[PDB]
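Here is the structure we will look at, set down as structure tokens.
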Amino acid sequence: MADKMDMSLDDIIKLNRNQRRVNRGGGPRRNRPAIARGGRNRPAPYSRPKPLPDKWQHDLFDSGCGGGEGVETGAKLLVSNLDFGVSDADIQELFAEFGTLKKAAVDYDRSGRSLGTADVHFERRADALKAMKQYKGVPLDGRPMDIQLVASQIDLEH
């Protein structure tokens, strides 16, 4: 067997499969309340734990959080419907007309080059959602204007 040490491996099989790693308690049985270490007795007020019965959404982000990275919940708006000479300040004035703007600068897109398409950034996702619902489909010249949300309200996506 190339062992000459354990000798009876069959014994190991039985002993190791029926081994006990905690002879100071434990027991894989559903008889005694399994508090584990710090479960149950921690969030419980006194009567019973309250997992937030009026939870508006869910524990997607958490039951309650308040952090970030500089972009705690930044909203990126995509906009497309202009001419060519559209600059950052230009489209910024535009979405300012659409509300308090933080930053908005233009991009060059699938149409060859310039078109007015821009990146609009706000701190609020709903403001962006309203933006991408309200102004989306709204005619502006011979065609309706485009405005969609990216990396913002998409936090629901899992």
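How far apart, in nanometres, would the label points at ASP6 and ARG29 be if each is projected 7 angstrom from Cα along the Cα-to-Cβ direction?
According to this spin-label approximation, the distance is 3.0 nm.
Relative contact order, percent, of segment 68-137 when contacts are C-alpha pairs under 8 Å separated by at least 6 residues? Walk me through the numbers before you get to the answer.
Values: 115 pairs, mean separation 28.1, N = 70.
In percent, rounded to a whole number, it is 40.
Once you list every other residue whose beta carbon is under 15 Å from the beta carbon of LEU60, what net charge do they have if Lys and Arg are +1 and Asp and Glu are -1?
On the way: positive: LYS55, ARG125; negative: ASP59, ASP62, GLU72, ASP155, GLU157.
Surrounding charge for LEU60 is -3.
May I ask you to give the average projected area over all directions of the convex hull of the Cα atoms of segment 42-118, in nm² rounded to one decimal?
Values: hull surface 33.6 nm².
Dividing the Cα hull surface by four gives the mean projection, 8.4 nm².
Counting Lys +1, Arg +1, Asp -1, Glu -1, what net charge surrounds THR73 among other residues with beta carbon under 12 Å of its beta carbon?
Details: positive: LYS76, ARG124, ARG125; negative: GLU69, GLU72, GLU123, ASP127, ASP155.
Summing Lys/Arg as +1 and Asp/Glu as -1 gives -2.
Taking the Cβ-Cβ separation of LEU15 and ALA36 as r and a Förster radius of 25 Å, what is the calculated FRET efficiency to the nearest 0.05?
Values: r = 28 Å, r/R0 = 1.11.
The calculated FRET efficiency here is 0.35.
Please work out, to two decimal places, the log10 of the ratio I(q)/I(0) at q = 0.09, 0.13, 0.16, 0.21 Å⁻¹ from a Debye calculation in which every Cα of the chain carries one identical scatterer.
-0.58, -0.77, -0.99, -1.29
Tell me, what are the semi-axes, in whole angstrom and largest first, of the equivalent ellipsoid of segment 113-158 as set by the roots of 5 times the Cα gyration tensor eigenvalues? Write out the running numbers ahead of the final one.
Working: eigenvalues 96, 31, 17 Å².
After scaling each eigenvalue by five and taking roots: 22, 12, 9 Å.
Exposure proxy check: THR73, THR100 ranked by fewest other beta carbons within 10 Å? Before the final figure, lay out each step's value.
Values: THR73 14, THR100 10.
The order, fewest Cβ neighbours first, is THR100, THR73.
Long-range amide H contacts for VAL106: which residues qualify at under 5 Å (H placed 1.01 Å from N, peptide plane, sequence gap of 5 or more or a different chain)?
When sequence neighbours closer than 5 places are left aside, the close amide H contacts are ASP88, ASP119.
Taking other Cβ within 10 Å of each residue's Cβ, how do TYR108, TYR46, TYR135 sort, fewest first?
Numbers: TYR108 11, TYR46 5, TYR135 20.
By the 10 Å Cβ count, ascending, the order reads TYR46, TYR108, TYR135.
Report the relative contact order of the chain, percent, no decimals, based on alpha-carbon pairs under 8 angstrom and at least 6 residues apart. The partial results should precede the final answer.
Working: 181 pairs, mean separation 33.3, N = 158.
Reported relative contact order: 21 percent.
So what is log10(I(q)/I(0)) for segment 1-60 at q = 0.20 1/Å, when the Debye sum runs over its Cα atoms only?
After summing over all Cα pairs, the log10 values are -0.95.
What is the set of long-range amide H partners of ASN81 at a cut-off below 5 Å, with H atoms built 1.01 Å from backbone N?
Here the answer is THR117, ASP146, since their amide H atoms fall under 5 Å of that of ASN81.
Any idea how far apart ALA126 and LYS55 come out in nm if each label point goes 7 Å out from Cα toward Cβ?
Inter-label distance under the simple model: 2.1 nm.
Please give the net charge around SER152, taking every other residue with its beta carbon less than 9 angstrom from that of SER152, where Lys and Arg add +1 and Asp and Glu add -1.
On the way: positive: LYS76, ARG124, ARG125; negative: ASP155.
Surrounding charge for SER152 is +2.
Between their Cα atoms, which of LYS55/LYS103; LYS50/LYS130; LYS103/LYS130; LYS103/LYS136; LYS50/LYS133 are more than 28 Å away from each other?
Values: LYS55/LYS103 33 Å; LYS50/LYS130 34 Å; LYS103/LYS130 17 Å; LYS103/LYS136 19 Å; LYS50/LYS133 36 Å.
Violating the 28 Å limit, Cα to Cα: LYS55/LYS103; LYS50/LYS130; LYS50/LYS133.
Read-outs throughout are calculated quantities, based only on the coordinates presented, and are distinct from any laboratory measurement. Positions of Cβ are backbone-derived with ideal geometry, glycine not excepted, and every protein chain shown enters the neighbour counts.
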